[PDB]
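Trainee: Got a file for you: model.pdb, PDB, C-alpha atoms (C1' of nucleotides).
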ATOM      1  CA  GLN A 264      51.174  40.686 260.012  1.00  0.00           C
ATOM      2  CA  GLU A 265      52.714  43.733 261.834  1.00  0.00           C
ATOM      3  CA  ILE A 266      49.445  45.655 261.769  1.00  0.00           C
ATOM      4  CA  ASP A 267      50.509  48.360 264.229  1.00  0.00           C
ATOM      5  CA  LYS A 268      53.851  49.353 262.661  1.00  0.00           C
ATOM      6  CA  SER A 269      53.638  52.480 260.504  1.00  0.00           C
ATOM      7  CA  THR A 270      57.108  51.939 258.992  1.00  0.00           C
ATOM      8  CA  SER A 271      56.468  48.523 257.465  1.00  0.00           C
ATOM      9  CA  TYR A 272      55.557  46.767 254.222  1.00  0.00           C
ATOM     10  CA  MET A 273      51.868  46.099 254.985  1.00  0.00           C
ATOM     11  CA  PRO A 274      50.161  49.321 253.689  1.00  0.00           C
ATOM     12  CA  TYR A 275      51.968  48.771 250.379  1.00  0.00           C
ATOM     13  CA  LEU A 276      50.562  45.262 250.103  1.00  0.00           C
ATOM     14  CA  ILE A 277      49.343  45.407 246.505  1.00  0.00           C
ATOM     15  CA  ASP A 278      51.740  47.715 244.656  1.00  0.00           C
ATOM     16  CA  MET A 279      54.782  45.910 246.041  1.00  0.00           C
ATOM     17  CA  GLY A 280      53.402  42.687 244.580  1.00  0.00           C
ATOM     18  CA  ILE A 281      53.408  40.978 247.975  1.00  0.00           C
ATOM     19  CA  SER A 282      49.805  39.796 247.575  1.00  0.00           C
ATOM     20  CA  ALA A 283      47.175  39.840 244.836  1.00  0.00           C
ATOM     21  CA  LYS A 284      44.018  39.381 246.952  1.00  0.00           C
ATOM     22  CA  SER A 285      44.240  41.561 250.051  1.00  0.00           C
ATOM     23  CA  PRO A 286      42.381  40.178 253.103  1.00  0.00           C
ATOM     24  CA  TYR A 287      41.523  43.708 254.327  1.00  0.00           C
ATOM     25  CA  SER A 288      39.257  45.051 251.568  1.00  0.00           C
ATOM     26  CA  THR A 289      35.522  45.727 251.383  1.00  0.00           C
ATOM     27  CA  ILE A 290      35.008  42.940 248.833  1.00  0.00           C
ATOM     28  CA  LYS A 291      36.840  40.435 251.027  1.00  0.00           C
ATOM     29  CA  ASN A 292      35.025  41.742 254.137  1.00  0.00           C
ATOM     30  CA  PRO A 293      31.511  42.965 253.323  1.00  0.00           C
ATOM     31  CA  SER A 294      28.973  43.498 256.143  1.00  0.00           C
ATOM     32  CA  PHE A 295      31.800  44.632 258.389  1.00  0.00           C
ATOM     33  CA  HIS A 296      31.966  47.648 256.087  1.00  0.00           C
ATOM     34  CA  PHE A 297      28.211  48.053 256.621  1.00  0.00           C
ATOM     35  CA  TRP A 298      28.619  47.743 260.365  1.00  0.00           C
ATOM     36  CA  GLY A 299      30.858  50.475 261.669  1.00  0.00           C
ATOM     37  CA  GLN A 300      30.009  52.816 258.807  1.00  0.00           C
ATOM     38  CA  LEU A 301      26.304  52.602 259.685  1.00  0.00           C
ATOM     39  CA  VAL A 302      27.199  53.111 263.355  1.00  0.00           C
ATOM     40  CA  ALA A 303      29.329  56.165 262.553  1.00  0.00           C
ATOM     41  CA  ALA A 304      26.598  57.596 260.315  1.00  0.00           C
ATOM     42  CA  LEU A 305      24.094  57.135 263.139  1.00  0.00           C
ATOM     43  CA  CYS A 306      26.635  58.821 265.445  1.00  0.00           C
ATOM     44  CA  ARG A 307      26.448  61.901 263.161  1.00  0.00           C
ATOM     45  CA  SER A 308      29.652  61.653 261.129  1.00  0.00           C
ATOM     46  CA  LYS A 309      29.652  63.079 257.612  1.00  0.00           C
ATOM     47  CA  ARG A 310      32.303  60.719 256.210  1.00  0.00           C
ATOM     48  CA  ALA A 311      30.197  57.590 256.767  1.00  0.00           C
ATOM     49  CA  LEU A 312      27.178  59.050 254.947  1.00  0.00           C
ATOM     50  CA  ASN A 313      28.956  58.434 251.620  1.00  0.00           C
ATOM     51  CA  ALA A 314      30.141  54.862 252.235  1.00  0.00           C
ATOM     52  CA  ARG A 315      28.723  52.381 249.741  1.00  0.00           C
TER      53      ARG A 315
ATOM     54  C1'   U B   1      39.675  41.088 236.735  1.00  0.00           C
ATOM     55  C1'   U B   2      40.354  44.331 240.746  1.00  0.00           C
ATOM     56  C1'   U B   3      37.999  47.701 243.755  1.00  0.00           C
ATOM     57  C1'   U B   4      34.164  50.973 246.909  1.00  0.00           C
ATOM     58  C1'   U B   5      34.200  59.029 251.301  1.00  0.00           C
ATOM     59  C1'   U B   6      32.477  62.038 243.285  1.00  0.00           C
ATOM     60  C1'   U B   7      38.790  62.128 251.086  1.00  0.00           C
ATOM     61  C1'   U B   8      43.858  63.319 251.386  1.00  0.00           C
ATOM     62  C1'   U B   9      51.406  66.872 248.951  1.00  0.00           C
ATOM     63  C1'   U B  10      53.003  68.481 253.864  1.00  0.00           C
ATOM     64  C1'   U B  11      51.001  71.993 256.792  1.00  0.00           C
ATOM     65  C1'   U B  12      46.894  74.166 258.802  1.00  0.00           C
ATOM     66  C1'   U B  13      41.324  75.655 260.338  1.00  0.00           C
ATOM     67  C1'   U B  14      37.336  83.619 262.067  1.00  0.00           C
ATOM     68  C1'   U B  15      35.732  83.890 253.821  1.00  0.00           C
ATOM     69  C1'   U B  16      39.269  88.219 262.295  1.00  0.00           C
ATOM     70  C1'   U B  17      42.923  91.867 262.923  1.00  0.00           C
ATOM     71  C1'   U B  18      48.636  98.278 260.791  1.00  0.00           C
ATOM     72  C1'   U B  19      47.989 101.184 265.327  1.00  0.00           C
ATOM     73  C1'   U B  20      44.021 103.672 267.273  1.00  0.00           C
ATOM     74  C1'   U B  21      38.932 103.428 267.683  1.00  0.00           C
ATOM     75  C1'   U B  22      33.105 102.893 268.009  1.00  0.00           C
ATOM     76  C1'   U B  23      25.383 107.128 267.965  1.00  0.00           C
ATOM     77  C1'   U B  24      26.399 105.945 259.221  1.00  0.00           C
ATOM     78  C1'   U B  25      25.339 112.808 266.746  1.00  0.00           C
ATOM     79  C1'   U B  26      26.923 117.674 267.012  1.00  0.00           C
ATOM     80  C1'   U B  27      29.505 125.501 264.350  1.00  0.00           C
ATOM     81  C1'   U B  28      26.523 128.361 267.729  1.00  0.00           C
ATOM     82  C1'   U B  29      21.632 128.832 268.188  1.00  0.00           C
ATOM     83  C1'   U B  30      17.058 126.659 268.140  1.00  0.00           C
ATOM     84  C1'   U B  31      12.407 122.920 267.916  1.00  0.00           C
ATOM     85  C1'   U B  32       3.812 123.082 264.997  1.00  0.00           C
ATOM     86  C1'   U B  33       7.309 121.397 257.574  1.00  0.00           C
ATOM     87  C1'   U B  34       1.585 127.693 262.911  1.00  0.00           C
ATOM     88  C1'   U B  35       0.557 132.731 262.124  1.00  0.00           C
ATOM     89  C1'   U B  36       0.063 140.151 257.738  1.00  0.00           C
ATOM     90  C1'   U B  37      -4.572 141.770 259.708  1.00  0.00           C
ATOM     91  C1'   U B  38      -9.861 139.502 260.560  1.00  0.00           C
ATOM     92  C1'   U B  39     -12.292 135.950 259.649  1.00  0.00           C
ATOM     93  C1'   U B  40     -14.487 130.313 259.508  1.00  0.00           C
ATOM     94  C1'   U B  41     -21.289 125.805 255.565  1.00  0.00           C
ATOM     95  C1'   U B  42     -15.502 124.864 249.312  1.00  0.00           C
ATOM     96  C1'   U B  43     -24.636 128.464 251.999  1.00  0.00           C
ATOM     97  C1'   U B  44     -27.651 132.266 249.896  1.00  0.00           C
ATOM     98  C1'   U B  45     -30.337 137.740 243.964  1.00  0.00           C
ATOM     99  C1'   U B  46     -35.726 137.388 245.116  1.00  0.00           C
ATOM    100  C1'   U B  47     -38.559 133.312 244.340  1.00  0.00           C
ATOM    101  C1'   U B  48     -39.130 128.473 244.770  1.00  0.00           C
ATOM    102  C1'   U B  49     -38.989 122.410 245.819  1.00  0.00           C
ATOM    103  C1'   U B  50     -41.926 114.589 242.136  1.00  0.00           C
ATOM    104  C1'   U B  51     -34.846 115.709 236.949  1.00  0.00           C
ATOM    105  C1'   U B  52     -44.639 114.797 237.563  1.00  0.00           C
ATOM    106  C1'   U B  53     -48.688 116.257 234.182  1.00  0.00           C
ATOM    107  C1'   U B  54     -52.034 118.834 226.715  1.00  0.00           C
ATOM    108  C1'   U B  55     -56.536 115.902 226.854  1.00  0.00           C
ATOM    109  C1'   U B  56     -57.525 110.894 226.954  1.00  0.00           C
ATOM    110  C1'   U B  57     -55.921 106.455 228.556  1.00  0.00           C
ATOM    111  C1'   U B  58     -53.101 101.774 231.017  1.00  0.00           C
ATOM    112  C1'   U B  59     -51.476  93.055 229.123  1.00  0.00           C
ATOM    113  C1'   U B  60     -44.570  96.616 225.016  1.00  0.00           C
ATOM    114  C1'   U B  61     -52.965  91.019 224.183  1.00  0.00           C
ATOM    115  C1'   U B  62     -55.932  89.957 220.005  1.00  0.00           C
ATOM    116  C1'   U B  63     -58.164  89.448 211.723  1.00  0.00           C
ATOM    117  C1'   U B  64     -60.991  84.831 212.094  1.00  0.00           C
ATOM    118  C1'   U B  65     -59.391  80.265 213.155  1.00  0.00           C
ATOM    119  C1'   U B  66     -56.473  77.240 216.018  1.00  0.00           C
ATOM    120  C1'   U B  67     -52.601  74.947 220.004  1.00  0.00           C
ATOM    121  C1'   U B  68     -46.918  67.837 220.494  1.00  0.00           C
ATOM    122  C1'   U B  69     -41.412  73.814 216.785  1.00  0.00           C
ATOM    123  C1'   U B  70     -46.039  64.665 216.044  1.00  0.00           C
ATOM    124  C1'   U B  71     -47.148  61.694 211.873  1.00  0.00           C
ATOM    125  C1'   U B  72     -46.593  58.987 203.662  1.00  0.00           C
ATOM    126  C1'   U B  73     -46.922  53.619 204.735  1.00  0.00           C
ATOM    127  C1'   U B  74     -44.127  50.214 207.202  1.00  0.00           C
ATOM    128  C1'   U B  75     -40.618  49.856 211.443  1.00  0.00           C
ATOM    129  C1'   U B  76     -37.488  50.155 216.055  1.00  0.00           C
ATOM    130  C1'   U B  77     -29.503  47.053 219.108  1.00  0.00           C
ATOM    131  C1'   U B  78     -26.615  54.160 214.812  1.00  0.00           C
ATOM    132  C1'   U B  79     -26.142  44.011 215.834  1.00  0.00           C
ATOM    133  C1'   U B  80     -24.977  40.397 212.349  1.00  0.00           C
ATOM    134  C1'   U B  81     -21.467  36.945 205.308  1.00  0.00           C
ATOM    135  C1'   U B  82     -19.666  32.352 207.520  1.00  0.00           C
ATOM    136  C1'   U B  83     -16.157  31.450 211.171  1.00  0.00           C
ATOM    137  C1'   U B  84     -14.186  33.090 215.468  1.00  0.00           C
ATOM    138  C1'   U B  85     -12.659  35.889 220.563  1.00  0.00           C
ATOM    139  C1'   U B  86      -5.233  37.381 225.377  1.00  0.00           C
ATOM    140  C1'   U B  87      -4.590  44.359 220.046  1.00  0.00           C
ATOM    141  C1'   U B  88      -0.189  35.901 223.473  1.00  0.00           C
ATOM    142  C1'   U B  89       3.430  32.804 221.290  1.00  0.00           C
ATOM    143  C1'   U B  90       9.715  30.498 215.886  1.00  0.00           C
ATOM    144  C1'   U B  91      12.817  27.899 219.391  1.00  0.00           C
ATOM    145  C1'   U B  92      15.329  29.160 223.686  1.00  0.00           C
ATOM    146  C1'   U B  93      15.229  32.313 227.593  1.00  0.00           C
ATOM    147  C1'   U B  94      14.003  36.064 232.069  1.00  0.00           C
ATOM    148  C1'   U B  95      18.608  41.875 237.416  1.00  0.00           C
ATOM    149  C1'   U B  96      17.344  47.232 230.646  1.00  0.00           C
ATOM    150  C1'   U B  97      24.176  42.695 236.736  1.00  0.00           C
ATOM    151  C1'   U B  98      29.096  41.390 235.843  1.00  0.00           C
ATOM    152  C1'   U B  99      36.736  41.382 232.373  1.00  0.00           C
TER     153        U B  99
END
Mind turning this structure into structure tokens?
Mentor:
Amino acid sequence: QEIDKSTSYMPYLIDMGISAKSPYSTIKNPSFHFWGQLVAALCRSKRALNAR
RNA sequence: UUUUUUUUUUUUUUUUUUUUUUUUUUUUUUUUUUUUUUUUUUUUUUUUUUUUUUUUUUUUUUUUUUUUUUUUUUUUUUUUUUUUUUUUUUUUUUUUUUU
């Protein structure tokens, strides 16, 4: 899926019309958005205190 | 439906900086916000010392009675028509959730 390439089509997945249901979202991947964000909030980061 | 930092142009990151500076010190003197002199109870005329007293008195007691600010008699849930007894219910439903 060329994840690592900054000059590629992946970050414009939706607006290019390549895919309609992205496999990288919070709705597609809940409870991995709770993990990680909870860890960062418990590691005293102010960004993760606002994650839903 | 889709989403999920009320994040983001790129840069940047002391609500720091001319240069020089650093007692919101200083004329020189000075240093009781002391002092004429001499005094020192914001004492005293002499008397005097209950903001006591006419005498008499001494419950801010009393006419005599009296002594529940009780009582017609009867009574004694400031109960009761009967019936009743979720200030429940159409049916279906049951996140004041959702493209």
Trainee: For each of B:2, B:99, B:33, B:14, take the minimum atom-to-atom distance to residue A:285, counting all atoms listed in the file, then give the residue where this is smallest.
Mentor: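 So, comparing all the options, the nearest one is B:2.
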Trainee: Applying the PyMOL selection byres ((chain A) within 9 of (chain B)) to the file I just gave you, which residues come out? Please list them as a list in words.
Mentor: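 That expression, the PyMOL selection byres ((chain A) within 9 of (chain B)), corresponds here to residues 284, 288, 289, 290, 309, 310, 311, 312, 313, 314 and 315 of chain A.
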Trainee: Using Å and a single decimal, report how far atom CA of residue A:265 sits from atom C1' of residue B:10.
Mentor: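 Answer for the atom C1' of residue B:10 to atom CA of residue A:265 separation: 26.0 Å.
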Trainee: Please produce stretch 268-279 of chain A, completed to N, CA, C and O atoms, as a PDB file, keeping the file's coordinate frame.
Mentor:
ATOM      1  N   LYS A 268      52.603  48.672 262.982  1.00  0.00           N
ATOM      2  CA  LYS A 268      53.851  49.353 262.661  1.00  0.00           C
ATOM      3  C   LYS A 268      53.644  50.231 261.432  1.00  0.00           C
ATOM      4  O   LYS A 268      53.318  49.728 260.352  1.00  0.00           O
ATOM      5  N   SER A 269      53.834  51.541 261.603  1.00  0.00           N
ATOM      6  CA  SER A 269      53.638  52.480 260.504  1.00  0.00           C
ATOM      7  C   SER A 269      54.751  52.395 259.471  1.00  0.00           C
ATOM      8  O   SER A 269      54.508  52.637 258.284  1.00  0.00           O
ATOM      9  N   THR A 270      55.968  52.067 259.897  1.00  0.00           N
ATOM     10  CA  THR A 270      57.108  51.939 258.992  1.00  0.00           C
ATOM     11  C   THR A 270      57.303  50.457 258.684  1.00  0.00           C
ATOM     12  O   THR A 270      58.199  49.793 259.208  1.00  0.00           O
ATOM     13  N   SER A 271      56.442  49.935 257.814  1.00  0.00           N
ATOM     14  CA  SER A 271      56.468  48.523 257.465  1.00  0.00           C
ATOM     15  C   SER A 271      55.918  48.343 256.057  1.00  0.00           C
ATOM     16  O   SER A 271      55.476  49.297 255.410  1.00  0.00           O
ATOM     17  N   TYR A 272      55.941  47.096 255.588  1.00  0.00           N
ATOM     18  CA  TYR A 272      55.557  46.767 254.222  1.00  0.00           C
ATOM     19  C   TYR A 272      54.059  46.558 254.038  1.00  0.00           C
ATOM     20  O   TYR A 272      53.615  46.460 252.889  1.00  0.00           O
ATOM     21  N   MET A 273      53.280  46.464 255.121  1.00  0.00           N
ATOM     22  CA  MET A 273      51.868  46.099 254.985  1.00  0.00           C
ATOM     23  C   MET A 273      51.022  47.103 254.200  1.00  0.00           C
ATOM     24  O   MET A 273      50.277  46.658 253.308  1.00  0.00           O
ATOM     25  N   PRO A 274      51.050  48.428 254.461  1.00  0.00           N
ATOM     26  CA  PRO A 274      50.161  49.321 253.689  1.00  0.00           C
ATOM     27  C   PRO A 274      50.443  49.337 252.198  1.00  0.00           C
ATOM     28  O   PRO A 274      49.549  49.669 251.411  1.00  0.00           O
ATOM     29  N   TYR A 275      51.654  48.989 251.788  1.00  0.00           N
ATOM     30  CA  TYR A 275      51.968  48.771 250.379  1.00  0.00           C
ATOM     31  C   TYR A 275      51.911  47.279 250.055  1.00  0.00           C
ATOM     32  O   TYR A 275      52.874  46.667 249.601  1.00  0.00           O
ATOM     33  N   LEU A 276      50.742  46.693 250.319  1.00  0.00           N
ATOM     34  CA  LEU A 276      50.562  45.262 250.103  1.00  0.00           C
ATOM     35  C   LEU A 276      50.438  44.931 248.624  1.00  0.00           C
ATOM     36  O   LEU A 276      51.008  43.941 248.153  1.00  0.00           O
ATOM     37  N   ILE A 277      49.700  45.746 247.877  1.00  0.00           N
ATOM     38  CA  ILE A 277      49.343  45.407 246.505  1.00  0.00           C
ATOM     39  C   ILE A 277      50.393  45.893 245.515  1.00  0.00           C
ATOM     40  O   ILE A 277      50.808  45.142 244.627  1.00  0.00           O
ATOM     41  N   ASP A 278      50.843  47.142 245.653  1.00  0.00           N
ATOM     42  CA  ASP A 278      51.740  47.715 244.656  1.00  0.00           C
ATOM     43  C   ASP A 278      53.152  47.155 244.766  1.00  0.00           C
ATOM     44  O   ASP A 278      53.908  47.194 243.789  1.00  0.00           O
ATOM     45  N   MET A 279      53.530  46.636 245.933  1.00  0.00           N
ATOM     46  CA  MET A 279      54.782  45.910 246.041  1.00  0.00           C
ATOM     47  C   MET A 279      54.716  44.513 245.442  1.00  0.00           C
ATOM     48  O   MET A 279      55.761  43.869 245.291  1.00  0.00           O
TER      49      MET A 279
END
